[PDB]
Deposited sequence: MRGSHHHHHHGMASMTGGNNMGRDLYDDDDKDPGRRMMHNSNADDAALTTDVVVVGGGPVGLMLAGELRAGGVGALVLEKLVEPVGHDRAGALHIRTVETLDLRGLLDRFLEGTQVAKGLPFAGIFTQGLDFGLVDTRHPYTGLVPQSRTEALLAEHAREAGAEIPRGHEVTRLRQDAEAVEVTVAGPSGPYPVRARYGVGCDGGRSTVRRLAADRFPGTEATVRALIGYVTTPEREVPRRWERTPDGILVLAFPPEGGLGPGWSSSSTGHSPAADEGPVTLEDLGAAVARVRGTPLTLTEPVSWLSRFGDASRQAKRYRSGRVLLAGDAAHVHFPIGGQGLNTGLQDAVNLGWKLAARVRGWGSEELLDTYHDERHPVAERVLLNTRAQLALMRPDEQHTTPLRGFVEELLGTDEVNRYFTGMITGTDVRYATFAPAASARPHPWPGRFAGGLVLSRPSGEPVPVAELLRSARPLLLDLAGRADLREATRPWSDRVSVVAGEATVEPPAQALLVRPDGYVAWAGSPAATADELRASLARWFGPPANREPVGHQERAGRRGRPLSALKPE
């Protein structure tokens, strides 16, 4: 009676709302807070994310803010930063876009897309039936129930929705404290502006923003200014700090927890509600948005009819393995940034040396920026899959008449699966007539590397099925029926 209800007006939530509308489904976002607050957590959108935004024509809107970094760094190692030039991408850079500004854009997009955004409605409880779900809400006018076919949790890390459906979501206890907060130019008139990793902690100051991580800290009331000064026990000179009017200033730990199932019947999880990690390398919102886009088109499909149950299960099948690795890279990154001068500095030396290597630099570059993600869904047996299944195609360019460059990124904005003819294969095209909602665009791309004559491309940029010369129409027939349900009458 109200299609799909997403809980949380965060980035992930707004994104998911857009993809649901772009997918022809009613979206409803209930956001706890009333006046959005990003401030801290100042954001940074990496390549795979940026590439993804291009598939939605949203990239143009984010480039008014001067992104940059081509790119680096990694675990406080600056001498040999991550070089984006080593990975195949049409967008070899990161969008330095403050999360506050990001939410602003995503909200505006969902508003115009036709999705209600009541800001100021916390969710008290839930209840999952066999056909639909009901969420108890607490609005200014007062409480009220709400029915919808599916409910997705896109709130914070303390997701109530995760609680109310019981999902754990194990993870590790925090042993790293990190206090941050903006406080411009109090004492000293031009200290320093380096990261610096003393013995006892690692600080990061800036004047004409302070950040301090302590390793080995597990009753506490909210965090105070004087709380931050002593936290700078890592430095000799004791600025602390001072005032200097306060701004935001928060505290963060290195608990690495993650939902054991992204799905529980007809409840789903995304963004921080599904994975929680230390804020190192700015992978949080990146992983979230991509979770959203991966689910959006899949869920919208399930609702409208063609989206099968198997299809929805793949959301977790694909996105869980990804976040696992994020939690791990952040935990290992912390090991590399450890405040030990006796073993860890030596190690950092060697590691910096390997970041000089293209092979290894490309590796960590891929891990962080997301370019390394490839899915493994709906593989046959016995008949090994093509080299293109799961690979990302959102960054290809086509041509054909006149030799005009035609970005596949622009063709996915329709939010519909594609079939790229690349070479010339009409047998496959004709086998795809019965669709609705898959379009067949004909072109001619030489790469195709490894070679490929056809690419069944998902709404999210990733390839679902790929065709070599030997691929018959009958093979593709089944691949469509499985990915996008039965043909027309």
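- Gaps between the deposited sequence and the modelled structure occur at positions 1 to 48, 257 to 262, 273 to 275, 439, 548 to 570.
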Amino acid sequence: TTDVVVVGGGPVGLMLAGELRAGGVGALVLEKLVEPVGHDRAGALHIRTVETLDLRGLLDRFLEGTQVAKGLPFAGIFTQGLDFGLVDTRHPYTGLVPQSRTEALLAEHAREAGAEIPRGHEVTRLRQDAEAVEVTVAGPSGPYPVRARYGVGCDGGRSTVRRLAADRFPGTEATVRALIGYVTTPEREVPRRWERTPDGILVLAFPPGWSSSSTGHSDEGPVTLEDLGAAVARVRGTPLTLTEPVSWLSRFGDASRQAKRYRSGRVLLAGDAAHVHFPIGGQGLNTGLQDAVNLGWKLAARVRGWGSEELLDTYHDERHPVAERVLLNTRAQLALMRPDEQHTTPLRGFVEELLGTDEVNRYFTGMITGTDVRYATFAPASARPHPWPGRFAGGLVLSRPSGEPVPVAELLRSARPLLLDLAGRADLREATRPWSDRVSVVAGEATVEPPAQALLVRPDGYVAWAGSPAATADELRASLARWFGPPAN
From here on, numbers count along this sequence of modelled residues.
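- For the segment pair 147 to 155 and 109 to 117, the entry gives 109 to 117 the higher mean B-factor, averaged over Cα atoms.
- Set 235 to 243 against 158 to 166 and average the Cα temperature factors; 235 to 243 ends up higher.
- For the set 281, 401, 387, 253, the PDB entry puts the maximum C-alpha B factor at 401.
- Highest CA B-factor among 34, 420, 50, 463, as stated in the entry: 34.
- When the modelled residues of the chain are ordered by their C-alpha B factor, residue 15 lands in the lowest third.
- Residue 82 sits in the lowest third of its chain by CA B factor, as recorded in the PDB entry.
- Among the modelled residues of its chain, residue 194 has a C-alpha B-factor that falls in the highest third, as given in the PDB entry.
- In this PDB entry, residue 271 carries a Cα temperature factor that places it within the middle third of its chain's modelled residues.
- In this PDB entry, the Cα temperature factor of residue 46 sits in the bottom third of its chain's modelled residues, the lowest group.
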